[PDB]
Each structure stands twice: as C-alpha cells, then as structure tokens.
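Please read the structure below before turning to the comments.
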Amino acid sequence: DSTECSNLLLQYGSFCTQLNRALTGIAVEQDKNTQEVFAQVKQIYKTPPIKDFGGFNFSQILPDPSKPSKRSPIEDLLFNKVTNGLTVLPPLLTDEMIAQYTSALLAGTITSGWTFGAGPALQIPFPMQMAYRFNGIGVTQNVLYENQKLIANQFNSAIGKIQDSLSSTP
Amino acid sequence: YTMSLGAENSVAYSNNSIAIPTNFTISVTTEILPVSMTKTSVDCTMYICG
Amino acid sequence: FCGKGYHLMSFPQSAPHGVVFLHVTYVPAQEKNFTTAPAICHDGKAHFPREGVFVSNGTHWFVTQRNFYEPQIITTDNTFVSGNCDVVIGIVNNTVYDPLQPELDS
Ligand SMILES: *[C@@H]1O[C@H](CO)[C@@H](O[C@@H]2O[C@H](CO)[C@@H](O)[C@H](O)[C@H]2NC(C)=O)[C@H](O)[C@H]1NC(C)=O
Ligand SMILES: *[C@@H]1O[C@H](CO)[C@@H](O[C@@H]2O[C@H](CO)[C@@H](O)[C@H](O)[C@H]2NC(C)=O)[C@H](O)[C@H]1NC(C)=O
Ligand SMILES: *[C@@H]1O[C@H](CO)[C@@H](O[C@@H]2O[C@H](CO)[C@@H](O)[C@H](O)[C@H]2NC(C)=O)[C@H](O)[C@H]1NC(C)=O
Ligand SMILES: *[C@@H]1O[C@H](CO)[C@@H](O[C@@H]2O[C@H](CO)[C@@H](O)[C@H](O)[C@H]2NC(C)=O)[C@H](O)[C@H]1NC(C)=O
Ligand SMILES: *[C@@H]1O[C@H](CO)[C@@H](O[C@@H]2O[C@H](CO)[C@@H](O)[C@H](O)[C@H]2NC(C)=O)[C@H](O)[C@H]1NC(C)=O
Ligand SMILES: *[C@@H]1O[C@H](CO)[C@@H](O)[C@H](O)[C@H]1NC(C)=O
C-alpha cells in the first residue's frame, strides 16, 4: 500500500504487465489443457440401467450412485489419496464435470466400442466388442468366445488388484 | 449460467443388438499448426548503448 | 491424429509461418439396428465370421462387414469352424450354405 514505492516502481516500466501477462497465459493454458484432455466428446453417454455385459464387472470404474460426488470407487480413492497479492483462480472445469466427462467416455467405450470416437455411437454387445479387440491383436474370435468366463474372471480380478494396489501403495 | 458439457445421448445397449451403418459421409476438416516464428536479432550493444 | 473419423488421406497447404492440413476422413452415417449373434450353430458345429459379423433383419441371418451394411449369405467361404455349439454363449441355430453342394448335386 506504499504510494512512494509504487511511484518508484513506475520508473522501471512495464515489468509488472509482462509478469501478469505471463501468469495469465499460464492460467488460460491450464484450462486449454484440461479441455484438450477431457473434452473430446460432445455427447454425454450413459450406461444402461441393467449391467449385463456378459460377465464383465465395471462397478469399480463406473460412477457410484450412493456417492454425492458421482465418482467411481477408484476415482474416489484417487481423490482421497491426493492431498500478499497472491490469488488462486479456480479451474474452469470442476471435479464433478470432469468426472462426468470420464463417465461419458466410459459409457461410450463400454456400450459402443471405438465407434463413438469416429462418429455416431453404434451399439454393440460387449463380448463381441472384446472379440473385435482380440482380432485387432491377431487372435481369432473363437478363443474369446470359448474362454469368455475365464476372461471375465481375470478382468474382474485384475480390476480388484488395481484397487487394492492403489489403496496399499503410498 | 452453469455450462452444459454436451447433449445427453443414452446408447440403447442390449446383449444381442448391433448398429450397422448403411451410408457414409466424406468429411474434410482443417488443422492449423504453426511451424516457425519471425527471426528476430537484437544487437545487445546497440540496444543498450546506441 | 489425422482428423475426426476414420482417416482416409490428408492434403498439406502452406500458411504464413504455418501449415494447414485438410484431413479427408470417412464418417459412418444412417445406422440401422440388427439382431446379432456371436456364432451360428450348424450340424453340431460352431461357425464364426472370417472378417465380418452376423446380423439379422428379423427373419433371416446374413454376414456383413463391420463398418458398412452389405448383407451376404452365410456360407462356408466367409465363415470358419471352431468347436461345437455347447461352449459359445448365445449361439443361435441357422443353416450354413455350401457352394460345393449344387456342384455334386447336378
Ligand atoms: C461386481 O463387483 C462388485 C464389487 O466387486 C460386487 O459388489 C460386491 O457384492 C458382494 C455381494 O453382494 C458384497 O459382499 C460386496 O461388498 C460388494 N462389493 C462392493 C465394493 O460393494 C458385485 O456384486 C459384482 N457383480 C455385479 C453384477 O455387480
Ligand atoms: C434401435 O433400437 C433402440 C431400442 O428400440 C432405439 O432406442 C430408442 O429410440 C427411441 C427413438 O428416439 C427413443 O425414444 C428411445 O428412448 C430409445 N431407447 C433407448 C434405450 O435409448 C434406437 O433408436 C434404435 N436405433 C435405430 C437406428 O433405429
Ligand atoms: C447416402 O447418403 C447420400 C448423401 O450424401 C445420399 O445421396 C443423396 O441422395 C438423394 C436422393 O436421391 C439426392 O437427392 C441427393 O442429391 C444425394 N446427395 C448427394 C451428395 O449425392 C445417398 O442416396 C444415400 N444412400 C442411401 C442408400 O441411403
Ligand atoms: C430380411 O431380408 C431377406 C432378404 O432380402 C428378406 O427375404 C426376402 O423377402 C422378400 C419380401 O417378402 C421376398 O420377396 C424375397 O424373396 C425374400 N428373399 C428370400 C431369400 O427369402 C426378408 O423378408 C427380410 N426380413 C425382414 C423382416 O425384413
Ligand atoms: C438348436 O439346435 C440344437 C440341436 O438340434 C437344439 O438342441 C436340442 O434341444 C432339445 C430340446 O432341449 C434337446 O432335446 C436335444 O437333445 C438338443 N440337441 C442337442 C444336439 O443338443 C437346440 O435346442 C436348438 N436351439 C434353438 C433355439 O432352437
Ligand atoms: C440376453 O439377456 C437375456 C436376459 O435379459 C437372456 O435371456 C439372453 O439369453 C441373453 N442373450 C445373450 C446372447 O447373452
């Protein structure tokens, strides 16, 4: 609040304008980064009420209706595990809207595969989508269909191990 | 206002139904990428001292 | 990476201190619902599509490519056999045509 200090500071020119401009550029760059990473879909996809995916369990990654934040258990664990003229500007996208974007991406990739990323979302059964992914890596569809229960059990076990590993590693 | 992310689109998922495209659109999009800047040189002695 | 949709080609254009890429991409449109099955049960054998997918318009079963609707008759030439019908979940019963059958029939 010193007037004499500000009068002497005016002799140095537009240094303060340069610093404010650089900080403003950084602040808008963070919002641009968040838009580029998370806002890649213009349709908010939602999962069907019946979670019949051929044995595949997505409860640990889909949003929990019981939680007010509408986050997944994994996302909730991630949020729990992360802890003089200065101002902190809030981010343009809040955490619930970012969670909504991730939920839309999860619903699109579960119900439609990769179709929603290239155009209109085309529905496909999840085992058939998994078979398509198997064909992408050079394994025939029959292997996926014959061992579907084993693949679903392994996927559920791996997702549980991921949650345990995140909860158990500082 | 509170901003809206996108229009809601509930995909009609079921265990035995598929959606197959019957037509296509040839879409051309633009992507602008900067490559270079203006090459500026400053004579340090002449700038500071003339 | 090269536009929204399935990338077909791209064209470069010069710009002041920059480049403009015209990405020509393929976008699916006018999609239609069909009833689908993982495999076709015929003669106690499971048939799977070699490159496409089994679709049904309500009464008849066909095999088509995944990104465009082009229904074709389910034959032995566009399907392959792996195992019986007891393992695959959701296998349906349908006939599988043999192109060689009218040749020895005549
Ligand atoms: C999907 O997985 C979830 C979590 O692994 C299962 O939820 C569990 O259900 C059992 C039995 O009802 C409970 O004892 C556990 O406490 C539940 N876990 C959690 C984290 O709530 C769920 O049953 C699985 N299957 C389906 C169809 O959702
Ligand atoms: C494929 O079938 C589904 C289910 O019959 C259609 O989904 C419904 O479409 C109507 C028409 O607008 C909506 O009012 C319903 O809300 C939709 N249901 C759900 C669960 O989203 C779907 O439109 C059909 N697709 C085509 C291309 O005909
Ligand atoms: C696929 O969509 C194209 C649109 O690009 C359709 O072409 C149009 O067909 C109508 C009907 O005669 C014409 O009046 C338009 O002039 C056509 N547009 C162009 C750009 O040629 C085409 O008919 C559609 N095909 C199917 C099978 O649905
Ligand atoms: C599904 O497609 C098949 C193939 O086009 C349809 O079968 C044809 O139906 C027409 C109209 O009744 C007949 O004139 C043709 O002779 C049929 N072809 C054969 C090989 O039988 C079938 O009707 C379609 N089903 C539905 C529900 O649209
Ligand atoms: C598809 O065909 C198979 C084989 O013809 C059917 O399996 C038969 O089902 C009847 C009734 O349950 C049994 O009595 C036979 O012993 C079964 N045969 C075999 C070889 O398993 C099957 O039910 C048919 N499915 C449909 C939907 O028609
Ligand atoms: C789809 O689910 C229904 C029950 O909702 C079941 O009767 C049917 O057999 C299932 N079909 C496949 C292919 O999983």
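By order in the structure tokens, chains are A, B, ...; within a chain, residues start at 1; ligands start at 1, following the order shown.
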>> With only C-alpha atoms considered, list every residue of chain C at most 8 Å from chain A, as a ChimeraX atom specification.
In response: /C:4-6,27-29,31,38,48,82,87-89
For the residues in the current selection, export N, CA, C and O atoms as a compact mmCIF listing (two decimals), in the first residue's frame.
# COMPACT_ATOMS: atom_id res chain seq x y z
N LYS C 4 -11.11 -36.07 -37.37
CA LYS C 4 -12.18 -36.81 -36.70
C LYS C 4 -12.80 -37.80 -37.68
O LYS C 4 -13.22 -37.42 -38.78
N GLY C 5 -12.85 -39.06 -37.29
CA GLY C 5 -13.37 -40.11 -38.13
C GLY C 5 -12.26 -41.03 -38.59
O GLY C 5 -11.09 -40.88 -38.22
N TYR C 6 -12.64 -42.01 -39.42
CA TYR C 6 -11.65 -42.93 -39.96
C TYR C 6 -10.87 -42.22 -41.05
O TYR C 6 -11.44 -41.80 -42.06
N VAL C 27 -16.77 -40.91 -42.35
CA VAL C 27 -17.66 -40.90 -41.19
C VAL C 27 -18.83 -41.83 -41.47
O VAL C 27 -19.49 -41.68 -42.50
N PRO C 28 -19.11 -42.80 -40.61
CA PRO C 28 -20.32 -43.62 -40.78
C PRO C 28 -21.59 -42.81 -40.57
O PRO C 28 -21.62 -41.87 -39.77
N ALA C 29 -22.65 -43.17 -41.29
CA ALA C 29 -23.91 -42.46 -41.18
C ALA C 29 -25.07 -43.39 -41.51
O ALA C 29 -24.88 -44.43 -42.16
N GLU C 31 -27.13 -45.29 -39.51
CA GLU C 31 -27.03 -46.61 -38.91
C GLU C 31 -28.41 -47.23 -38.69
O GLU C 31 -29.41 -46.53 -38.56
N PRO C 38 -23.04 -64.17 -31.68
CA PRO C 38 -21.60 -64.46 -31.81
C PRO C 38 -21.26 -65.56 -32.79
O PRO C 38 -20.23 -65.48 -33.46
N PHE C 48 -18.03 -69.08 -37.15
CA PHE C 48 -17.68 -67.72 -36.79
C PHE C 48 -17.33 -66.94 -38.04
O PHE C 48 -16.82 -67.51 -39.01
N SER C 82 -14.90 -73.71 -35.51
CA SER C 82 -14.05 -73.98 -34.35
C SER C 82 -14.94 -74.51 -33.23
O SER C 82 -15.66 -73.73 -32.59
N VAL C 87 -20.28 -74.65 -26.18
CA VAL C 87 -19.37 -73.80 -25.42
C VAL C 87 -19.71 -72.32 -25.57
O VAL C 87 -19.71 -71.58 -24.59
N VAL C 88 -20.02 -71.88 -26.79
CA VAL C 88 -20.22 -70.46 -27.06
C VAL C 88 -21.56 -70.01 -26.48
O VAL C 88 -22.61 -70.61 -26.76
N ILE C 89 -21.52 -68.95 -25.68
CA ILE C 89 -22.73 -68.41 -25.06
C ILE C 89 -23.46 -67.54 -26.08
O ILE C 89 -22.88 -66.61 -26.64
> Please, which residues of stretch 7-68 of chain A, numbered as in this document, come out alpha helix (DSSP H) from DSSP, as a VMD selection string?
Replying inline: chain A and resid 7 to 9 15 to 38
Once you count only C-alpha atoms and all ligand atoms, what closest atom pair and distance in Å to one decimal does each residue of chain C within 12 Å of ligand 6 have, with rows by chain and rising residue number, as a tab-separated table?
residue	atom	partner	partner_atom_place_in_ligand_line	distance
C:35	CA	ligand 6	13 (C)	10.0
C:36	CA	ligand 6	13 (C)	8.3
C:37	CA	ligand 6	13 (C)	6.5
C:38	CA	ligand 6	13 (C)	7.7
C:39	CA	ligand 6	13 (C)	9.9
C:40	CA	ligand 6	13 (C)	11.9
C:88	CA	ligand 6	13 (C)	9.5
C:89	CA	ligand 6	13 (C)	6.4
C:90	CA	ligand 6	13 (C)	3.8
C:91	CA	ligand 6	13 (C)	7.2
C:92	CA	ligand 6	13 (C)	8.7
Take the residues from that selection and put them in a file with N, CA and C atoms, as a CSV table (one decimal), in the first residue's frame.
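Once written, again_30.csv looks like this:
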chain,number,residue,atom,x,y,z
C,35,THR,N,-30.3,-57.6,-35.2
C,35,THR,CA,-30.1,-58.6,-34.1
C,35,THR,C,-28.8,-59.4,-34.4
C,36,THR,N,-27.9,-59.5,-33.5
C,36,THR,CA,-26.7,-60.1,-33.7
C,36,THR,C,-26.4,-61.3,-32.8
C,37,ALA,N,-25.6,-62.2,-33.3
C,37,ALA,CA,-25.2,-63.4,-32.6
C,37,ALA,C,-23.7,-63.6,-32.7
C,38,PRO,N,-23.0,-64.2,-31.7
C,38,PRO,CA,-21.6,-64.5,-31.8
C,38,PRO,C,-21.3,-65.6,-32.8
C,39,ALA,N,-22.1,-66.6,-32.9
C,39,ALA,CA,-21.8,-67.7,-33.8
C,39,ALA,C,-23.1,-68.4,-34.3
C,40,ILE,N,-22.9,-69.2,-35.3
C,40,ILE,CA,-24.0,-69.9,-36.0
C,40,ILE,C,-23.8,-71.4,-35.7
C,88,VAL,N,-20.0,-71.9,-26.8
C,88,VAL,CA,-20.2,-70.5,-27.1
C,88,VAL,C,-21.6,-70.0,-26.5
C,89,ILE,N,-21.5,-69.0,-25.7
C,89,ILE,CA,-22.7,-68.4,-25.1
C,89,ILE,C,-23.5,-67.5,-26.1
C,90,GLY,N,-24.7,-67.8,-26.3
C,90,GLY,CA,-25.5,-67.1,-27.2
C,90,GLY,C,-25.5,-67.5,-28.7
C,91,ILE,N,-25.0,-68.7,-28.9
C,91,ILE,CA,-25.0,-69.3,-30.3
C,91,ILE,C,-26.5,-69.6,-30.7
C,92,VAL,N,-26.8,-69.2,-32.0
C,92,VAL,CA,-28.1,-69.5,-32.5
C,92,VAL,C,-28.1,-70.5,-33.6
>> If the cut-off is 9 Å, can you tell me the residues of chain B near chain A, counting only C-alpha atoms? I'd like them as a ChimeraX atom specification.
In response: /B:5-21
> Can you tell me which residues sit at most 6 Å away from ligand 4, counting only C-alpha atoms and all ligand atoms, written as an MDAnalysis selection string?
Replying inline: chainID C and resid 57:60
>> Could you tell me which residues of chain C sit within 6 Å of chain B when counting only C-alpha atoms, and give me the result as a ChimeraX atom specification?
In response: /C:17-36,68-69
> Which one of C:64, C:53, C:102, C:72 sits closest to residue A:129 if you count only C-alpha atoms?
Replying inline: C:53
> Closest to residue C:43 among C:83, C:3, C:16, C:71, using only C-alpha atoms?
Replying inline: C:83
> Can you list every residue in chain C that DSSP puts in strand (DSSP E or B), as a PyMOL selection string?
Replying inline: chain C and resi 6-15+18-37+40-42+45-49+53-56+61-64+72-73+75+79-81+92-93+97
